[PDB]
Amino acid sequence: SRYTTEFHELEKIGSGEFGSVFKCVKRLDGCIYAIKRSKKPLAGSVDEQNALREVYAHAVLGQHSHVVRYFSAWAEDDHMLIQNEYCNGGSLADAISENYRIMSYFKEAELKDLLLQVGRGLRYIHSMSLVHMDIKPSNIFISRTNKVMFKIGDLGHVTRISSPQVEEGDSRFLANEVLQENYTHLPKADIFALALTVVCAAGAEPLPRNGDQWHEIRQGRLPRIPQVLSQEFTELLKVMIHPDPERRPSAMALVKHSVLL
């Protein structure tokens, strides 16, 4: 076993259909890695194409500060293994639960910090004629030291701008024009998803998957936030979920905004 040899398990940090993720040490280099172990997906299944899209996206992108780093993947005995950088602060989805439990939330400064950082990530990815297509707290990762680095993960849904093979992301974060199968402005669907991601961080109530409250949002109505936020900022989130995707800012656009530091 390459796994049982090259690495040593310190902590289970994920459990589910996919399988299990583990905090591990590379025996060779003594650095910490997140390694995921999955059953070989069914041929012709979305699990497999996800797997397939991630391989390609890893091959193209190489390395970026705001993208969780790919190191390696391989097989043993009808199981996939993927070795990625380990982010010690967990997923934003976790951090938000933590923020429920201590009756805290992300103060506007941190929301702005969050938005811009995941912004630089999308800029790089879009710049490389790719789109992520499943942006959500669950798939944003946090590396702490003080400083905080936000890193985009899970590229199972990454496809080309040119010839888009669209696996529908989480419905809670999905822009209307993607449900309609309009794939002409997918860069602006990542943008849509990032706004709602940020809204979750503000302590918004769990987002609808469907029903009245869902179409309300896609009509450009920002979901209610407990805490109070600046006019400048509130309007930027609002435009990021504009019904017309052309009217949403690009990644490039987003990371050149005074309201952000």
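In this text, residue numbers run from 1 along the sequence as written. We call the rigid core whatever largest set of C-alpha positions still superposes within 1.5 Å between the two forms.
Per-stretch RMS Cα distance to the displayed form in 9 other deposited structures of this protein, following rigid core alignment, is highest for 74 to 82 when 187 to 195 and 74 to 82 are compared. Here the rigid core sets the fit, and in 9 other deposited structures of this protein the C-alphas of 54 to 62 stray farther than those of the other stretch, out of 54 to 62 and 26 to 34. Across the other entries compared, none leave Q180 without coordinates where the residues on each side are present, so it is far from a third. Among other compared entries that model residues flanking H126, every one gives it coordinates, keeping it clear of the one-third cutoff. Counting the deposited residues that fall between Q180 and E181 and carry no coordinates gives zero. Legend: mean Cα B-factor per stretch from the PDB entry, 191 to 199 versus 46 to 54; the higher mean is in 46 to 54. Per the PDB record, of the two stretches 117 to 125 and 159 to 167, 159 to 167 carries the greater mean B-factor over its C-alpha atoms. Between the residues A95, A175, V131, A109, the entry's highest C-alpha temperature factor is the one at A109. The PDB entry assigns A253 a C-alpha temperature factor belonging to the highest third of its chain's modelled residues.
The PDB entry assigns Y100 a C-alpha temperature factor belonging to the highest third of its chain's modelled residues. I225: CA B factor in the highest third of modelled residues in this chain (values from the PDB entry).
Remark: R37 belongs to the middle third of its chain, ranked by C-alpha B-factor as recorded. Compared with the other modelled residues of the chain, the Cα B-factor recorded for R27 ranks in the middle third.
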